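The first residue of the sequence shown is numbered 1, and numbering continues consecutively from there. Whatever order the structure lists ligands and atoms in, that order sets their numbers, starting from 1.
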Amino acid sequence: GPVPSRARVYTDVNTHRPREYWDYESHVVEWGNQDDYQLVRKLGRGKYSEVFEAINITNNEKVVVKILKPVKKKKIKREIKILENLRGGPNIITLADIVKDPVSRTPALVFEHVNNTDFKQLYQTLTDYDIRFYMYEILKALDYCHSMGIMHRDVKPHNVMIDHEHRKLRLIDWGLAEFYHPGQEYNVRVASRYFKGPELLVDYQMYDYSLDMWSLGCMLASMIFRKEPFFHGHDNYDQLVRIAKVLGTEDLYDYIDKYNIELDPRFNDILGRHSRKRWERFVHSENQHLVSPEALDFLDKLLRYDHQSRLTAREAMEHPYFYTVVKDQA
Ligand SMILES: O=C(CCC(=O)NCCc1ccc(Cl)c(Cl)c1)/N=C/CCNc1nc2cc(C(=O)O)ccc2c2cnccc12
């Protein structure tokens, strides 16, 4: 059997709270009425939801309405409770209302509107400073929700809204977020393939906040190297292969042995043997301007098989990669 694991920060925060903080199944919801919101236009279709720009008719404030696709009432109360618990935190999207369409009785969430920006020209005029500033802002959100006993489990660029005009960032879509409890075994069929931590890929269920830190490193690798996504896996098994060809296999089979993780028999004959690559082999003329020694050192310390040895969000925010960003904020 697999060796147990504990988060090495914020391990017990939820045990210390009243049970109603994390026992979301018994959370009572006060379902509002839509019609206070006229849908303006559709902003996106996800697997679990559709998102619309809408107008609150009472005061004309721009707003966003996420119409939840049929899931277990559990998953809805989870997202609501986590949103309610994180309300007011740095760079957490604000849940404004909880409504139900009066005829369909379908649940919907009403969020603050964010004037997010043309990521097309955003990715072109992206500076080394830009990437450091917004990475720091994400870490603010990550460190806060981890400190509140909450894993996001779906960190990825589509879930980061930037209002580049106002230098504002919001971490959104908390529908896969979970309360961390020491010793709990989680589903690994969460997040998007290209951002899954190896713990998800090898089926290690006793993971923790450090899962978000892996995804964040995937976002970081993808941007500084101008390669989206950075690990481009054909499927969930070929994803570990793509990681193995970069991080090497020696650390992989040590991670496996260290947690007595039983590996799938698909895996034996597809991983093979690979050396840990030096990051310089991903630098080239069209991305030098974003790569620095500090960037590479920070990236290396996020992309580790062992989740325990990844930096915490707080540790990350003290890395030399962010020294100038920290200065300007004072
Ligand atoms: O645009 C996007 C993707 C944006 C993007 O590529 N970023 C780049 C990542 C990045 C870039 C540079 C750097 Cl340097 C770094 Cl680090 C990261 N995704 C939005 C879809 C629908 N739009 C909305 N979706 C919501 C959902 C929820 C929810 O489900 O909770 C609540 C509220 C909203 C919402 C609120 N107001 C306006 C629009 C929306």
Applying a heavy-atom cut-off of 4.0 Å, say which part of [X] lies close to ligand 1: side chain, backbone, both or neither.
X: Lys66; value: side chain
X: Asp173; value: both
X: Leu43; value: both
X: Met223; value: side chain

Practice task
Kindly indicate whether a cation-pi arrangement holds for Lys227 with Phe225, taking the cut-offs as under 6.0 Å to the six-membered ring centre and within 45° of the axis.
Solution key: no

Exercise for the section: Please assess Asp128 against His289 for the test side chain to side chain donor-acceptor pair (under 3.5 Å), listing each intermediate value before the final yes or no. Expected result: CA-CA 7 Å; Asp128 164 70; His289 62 288; over 6 Å; no

Practice task
Assess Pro157 for proximity to ligand 1: is some non-hydrogen atom of it under 4.0 Å away?
Solution key: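 Within the 4.0 Å threshold, so yes.
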
Problem - Close approach, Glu112 and ligand 1, non-hydrogen under 4.0 angstrom - result: yes

Handout entry: Donor-acceptor pair, side chain of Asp264 and main chain of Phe267, under 3.5 angstrom
Key =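 It does not hold such a pair.
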
Handout entry: Donor-acceptor pair, side chain of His152 and main chain of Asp173, under 3.5 angstrom
Key = yes

Practice task
Report the member of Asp163, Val63, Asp130, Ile138 with the shortest heavy-atom distance to atom 16 (Cl) of ligand 1.
Solution key: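 The nearest heavy atom belongs to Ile138.
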
Handout entry: Minimum non-hydrogen distance to atom 10 (C) of ligand 1, winning option of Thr94, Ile162, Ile131, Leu290
Key = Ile162

Exercise for the section: Say whether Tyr134, considering both its backbone and side-chain N or O atoms, lies within less than 3.5 Å of an N or O atom on ligand 1. Expected result: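 No; every N/O pair is 3.5 Å or more apart.
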
Practice task
Taking only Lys NZ, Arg NE, NH1 and NH2, and the carboxylate oxygens of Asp or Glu, determine whether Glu50 and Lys42 approach each other closer than 4.0 Å.
Solution key: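 Yes, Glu50 and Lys42 are salt-bridged.
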
Handout entry: Listed partners of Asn91 passing side-chain hydrogen bond (donor to acceptor under 3.5 Å, both in side chains), at least two apart
Key = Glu137

Completion exercise
For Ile256, the side chain to side chain contact (heavy atoms under 4.5 Å, CB included) test, sequence neighbours excluded, returns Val202, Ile261, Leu263

